[PDB]
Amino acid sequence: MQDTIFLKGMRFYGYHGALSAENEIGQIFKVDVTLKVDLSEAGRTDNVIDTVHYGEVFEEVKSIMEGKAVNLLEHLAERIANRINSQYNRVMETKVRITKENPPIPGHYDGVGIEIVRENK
């Protein structure tokens, strides 16, 4: 199954980070979320109730990205993956990519991040 639903370049200002200074000042976190979902029925019917509502998916991502400051992006993505997989059965697998385009790293790069793929059980 190669159908997917996606939300790209989502950006939130948060205060997560392992370094105290990080959590104090904050920074923009960019997030790409790709969900595995079979879209033929919804494509057949044309009824939103046959697919996953992205607005709902964005609010779920936002709630975690703009919430309690944690240390790792790995934690930020695991909570997102695990939260989308719970409330949605049509999502067979959730891929969450988080990027810190401006970390406390002395150099010139486009960004540093992680990406996790999590199947729905």
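Residue numbers run from 1 along the displayed sequence.
- Taking the mean C-alpha B-factor of each stretch as recorded, 46-54 and 70-78 are not equal, and the higher mean is that of 46-54.
- Look at the mean CA B-factor for 6-14 and for 20-28 in the entry; the higher one is 20-28.
- In this PDB entry, the Cα temperature factor of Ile98 sits in the bottom third of its chain's modelled residues, the lowest group.
- Among all modelled residues in this chain, the alpha-carbon of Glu60 has a temperature factor (C-alpha) in the lowest third.
- Ranked by C-alpha B-factor against the other modelled residues of its chain, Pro104 falls in the highest third.
- Ranked within its chain, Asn89 lands in the highest third, by CA B factor from the PDB record.
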